[PDB]
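Enquirer: The data below comprise the sequence and an experimental structure of the protein.
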Amino acid sequence: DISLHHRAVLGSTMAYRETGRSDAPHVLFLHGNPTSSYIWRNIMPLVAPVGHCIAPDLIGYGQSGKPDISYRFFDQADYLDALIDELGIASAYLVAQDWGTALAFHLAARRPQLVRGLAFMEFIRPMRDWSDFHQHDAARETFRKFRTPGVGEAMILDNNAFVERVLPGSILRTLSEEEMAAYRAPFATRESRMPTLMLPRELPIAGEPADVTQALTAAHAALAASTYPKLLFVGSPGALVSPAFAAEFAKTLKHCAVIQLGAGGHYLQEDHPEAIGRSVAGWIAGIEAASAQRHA
Amino acid sequence: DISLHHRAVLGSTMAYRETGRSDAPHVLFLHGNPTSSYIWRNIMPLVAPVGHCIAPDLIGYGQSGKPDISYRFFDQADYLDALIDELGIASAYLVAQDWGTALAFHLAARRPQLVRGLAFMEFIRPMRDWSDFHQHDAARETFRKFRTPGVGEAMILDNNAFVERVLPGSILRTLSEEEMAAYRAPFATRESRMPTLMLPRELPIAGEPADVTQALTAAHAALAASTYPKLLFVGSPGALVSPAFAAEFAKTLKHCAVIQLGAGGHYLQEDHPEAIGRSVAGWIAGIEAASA
Ligand SMILES: [Cl-]
Ligand SMILES: [Cl-]
Ligand SMILES: [Cl-]
Ligand SMILES: [Cl-]
């Protein structure tokens, strides 16, 4: 009862997973790099009783198409918007991680009416310099290498280091070979890996690239002035988001609850699917109940 | 992280567990029979980031006092009202189970602006006859015996059967020795066990006792008219509330969502702490955000 579907969008196709009844509010689950909707498989069933769950594979990821495009942040945003409009989604809760949070922020910034509430974790923000990126020097060095011409191509295009090393390296439990197999399956060819190389090159570090830095600064400003309900999950030590940074960040926002998942790195869904799922489903039930009173 | 505190109330004393920051909305956790605030120990920490969490030990339970009172439903209600006033709790989320739910409904009926939300499970309602009680003849027979003069006294006062038999019998997992010790600590003496016997005798079954039946009937009607959000947790098969009954019951109320927990009996917090606390915290966060 989680089904997979394809729709033609722009110059390609996109796939998504869907579950829950269709008369409930839309809930869009947005993955990051280098995962797919697969990452939300144990969480969607917990949200399905209160929401119509849709979990897209980003263009170039999962079961979505592999068009010949730049795979920049703005391309990812363009294809996700086009899937959303093709599905008729005018109002939704957003649930997101990594580049999925950049996409969510940027989406809420452009369409402030759409957002019924945002649940997010391990998010991206403009980073003034490298010390603002991640929690350990080994991760900075890896991403500096990804961002280096030739070197990055060799690590990710030739050796698939993002899927084969970064991903399992930032998850606490050991993934089954079935699980890894699902994570590597979209990236069997050298060229198919390109979107996984483009994204770390789009991370806004020390003002480069400038277009994404600008876009994510505007989206963080809009997030900060937003009034919709918000839920920030955080792991210890986390990766992009330490616990102390979470508390600090949360108080630049309105209506942002901070939920502690405990021990975790960057991909929190594989370590805490139950906690995330129950938290989000309860949150939606509360927002929907409180909004029905109020509007009565 | 969870601290234990004490307050003078009505010439005696009441204990309570506390966590969260005080700038947060009050969340009042209400245990039932024969447990204490101890039963919320794995849930409260999950709710702390969004709420100023307070879990009382009812009068006669946990580390609360043991005054010479009859320990009827109305006595528990008066002592609880008094603690609430002593702690300055004027607006709260209520989280509740068993006789804590009777207390929560009754409180909400008499103080309709107090309640910001009600999360509840395995709740008590006026039961027209014994077939509306629980889901097995053997549970009906046990409480019938509790309610019978002399027989109830021997089971509970002498043998401590509510604590030693009914409690662990309606929890799936096996309690550790440390956990059982904590549940029996307040009931070492024969006299101390009186409250755990008085509450089964207060259950409203076939109009008896009539005063509690009236009180809860009226609390149930206030619950049906009420507009605050509600979150009903259900176990499979449950004890007092089956999944089937939870579904019909929710549809009588406004803005009630039902969360299915899966395998459990009467005391859900010992089998589903993580699910309950994570849901309740998300819910409170959501309601706070949506109301403002
Ligand atoms: Cl992800
Ligand atoms: Cl990346
Ligand atoms: Cl209880
Ligand atoms: Cl009882």
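Expert: Perfect, thanks for sending it. Numbering: from 1, shown residues only, chains lettered A, B, ... in the order given. Ligands and ions are numbered 1, 2, ... in the order given.
Enquirer: going forward, measure contacts between C-alpha atoms and count neighbours the same way
Expert: Will do.
Enquirer: and stretch A:195-211, does that touch ligand 1?
Expert: No - against ligand 1, stretch A:195-211 shows no contacts by C-alpha under 5 Å from the ion, the least distance being 12.3 Å.
Enquirer: now the end-to-end length of that stretch.
Expert: 18 Å (C-alpha to C-alpha, to the nearest Å).
Enquirer: ok, it near ligand 2 or not?
Expert: Yes - applying C-alpha under 5 Å from the ion, one finds stretch A:195-211 in contact with ligand 2 at A:199, A:200.
Enquirer: Centre of the chain to stretch A:41-54, how far?
Expert: The chain centre lies 16 Å from the centre of stretch A:41-54; the measure is C-alpha atoms, centre = their mean, to the nearest Å.
Enquirer: which residues touch it?
Expert: A:16-29, A:269, A:273-274, A:276-278, A:280-281, A:284-285 (C-alpha atoms under 8 Å, 6 or more residues apart in numbering or on different chains).
Enquirer: What sits closest to residue A:126 if chain neighbours are left out?
Expert: Distances taken as C-alpha to C-alpha, 6 or more residues apart in numbering or on different chains place residue A:204 nearest to residue A:126, at 5.1 Å, with adjacent residues excluded.
Enquirer: where do the helices sit along the stretch 1-150 of chain A?
Expert: Assigned by DSSP state H, counting those that start in this stretch, the helices in the stretch 1-150 of chain A fall at A:44-47, A:73-86, A:99-110, A:137-146.
Enquirer: ok so, going back, the residue nearest to residue A:126 touches residue A:125, doesn't it?
Expert: Yes - using C-alpha atoms under 8 Å, residue A:204 is in contact with residue A:125, at 7.2 Å.
Enquirer: Determine the residues that are contacts of both of these two.
Expert: residue A:216.
Enquirer: Buried ones from the contacts of stretch A:41-54, can you make that a PyMOL selection?
Expert: This is how PyMOL selects the buried members of the contacts of stretch A:41-54, with burial counted by 16 or more other C-alpha atoms under 10 Å in any protein chain shown:
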select buried, chain A and resi 16+17+18+19+20+25+26+27+28+29+269+273+274+276+277+278+280+281+284+285
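Enquirer: Give me the subset of the contacts of stretch A:41-54 lying in strands.
Expert: Members of the contacts of stretch A:41-54 lying in strands (criterion: DSSP state E): A:16, A:17, A:18, A:19, A:26, A:27, A:28, A:29.
Enquirer: Looking at these, which is nearest ligand 1?
Expert: Distances from ligand 1 to the ones in strands among the contacts of stretch A:41-54, taken as C-alpha to the ion, are shortest for residue A:29 (9.4 Å).
Enquirer: that older thread, would you turn the helices of the stretch 1-150 of chain A into JSON lines with distance to residue A:92 and mean neighbour count?
Expert: Converted to JSON lines, those look like this (distance: least, C-alpha to C-alpha, whole Å; neighbours: other C-alpha atoms under 10 Å in any protein chain shown):
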{"stretch": "helix A:44-47", "distance to residue A:92": "13", "mean neighbour count": "24"}
{"stretch": "helix A:73-86", "distance to residue A:92": "10", "mean neighbour count": "17"}
{"stretch": "helix A:99-110", "distance to residue A:92": "10", "mean neighbour count": "24"}
{"stretch": "helix A:137-146", "distance to residue A:92": "33", "mean neighbour count": "15"}
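Enquirer: what residues are up against the nearest residue to residue A:152 once chain neighbours are set aside?
Expert: Residue nearest to residue A:152 in three dimensions, not counting chain neighbours: residue A:146, with 3.9 Å by C-alpha to C-alpha, 6+ apart. By C-alpha under 8 Å, 6+ apart, the residues touching residue A:146 are A:152, A:153, A:155, A:156, A:197, A:200, A:201.
Enquirer: Dump the helices of the stretch 1-150 of chain A to CSV, plus distance to ligand 1.
Expert: Below are those laid out as CSV (distance: least, C-alpha to the ion, whole Å):
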stretch, distance to ligand 1
helix A:44-47, 14
helix A:73-86, 14
helix A:99-110, 7
helix A:137-146, 17
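Enquirer: Looking at those, which is nearest to residue A:258?
Expert: Evaluated with C-alpha to C-alpha, the helices of the stretch 1-150 of chain A place helix A:99-110 nearest to residue A:258, the distance being 15.6 Å.
Enquirer: could you check the angle strand A:26-30 makes with that closest one?
Expert: Helix A:99-110 runs at 130 degrees relative to strand A:26-30, counting by axes from the mean of the first three to the mean of the last three C-alpha atoms, to 10 degrees.
Enquirer: helices or strands next to helix A:99-110 in the packing?
Expert: Helices and strands touching helix A:99-110, by 3 or more C-alpha pairs under 8 Å, 6 or more residues apart in numbering or on different chains; DSSP states H and E, are strand A:26-30, helix A:73-86, strand A:115-123, helix A:210-225.
Enquirer: which residues are in contact with it?
Expert: A:30-33, A:76-77, A:81, A:94, A:96, A:114-115, A:120-125, A:215-216, A:218-220, A:222-223.
Enquirer: so which of the helices of the stretch 1-150 of chain A comes closest to residue A:245?
Expert: Per C-alpha to C-alpha, nearest to residue A:245 of those: helix A:99-110, 16.1 Å.
Enquirer: That closest one near ligand 2 anywhere?
Expert: No - Helix A:99-110 lies out of reach of ligand 2 by C-alpha under 5 Å from the ion, never closer than 6.9 Å.
Enquirer: by how many degrees do that helix and helix A:73-86 diverge?
Expert: 70 degrees.
Enquirer: how long is stretch A:59-78 from one end to the other?
Expert: 10 Å.
Enquirer: Which one of the helices of the stretch 1-150 of chain A lies nearest to ligand 3?
Expert: helix A:44-47 (24.9 Å).
Enquirer: Can you give me the neighbour number for the closest residue to residue A:135 other than its chain neighbours?
Expert: Among residues not flanking residue A:135 along the chain, residue A:239 sits closest, at 5.5 Å (C-alpha to C-alpha, 6+ apart). Taking other C-alpha atoms under 10 Å in any protein chain shown as the criterion, the count of residues near residue A:239 is 21.
Enquirer: mind listing what residue A:294 touches?
Expert: Residue A:294 sits in contact with residue B:291, where contact means C-alpha under 8 Å, 6+ apart.
Enquirer: And it, its phi and psi?
Expert: phi 70, psi -70 (degrees, to the nearest 10).
Enquirer: farthest pair in the contacts of residue A:146?
Expert: A:155 and A:201 (13.1 Å).
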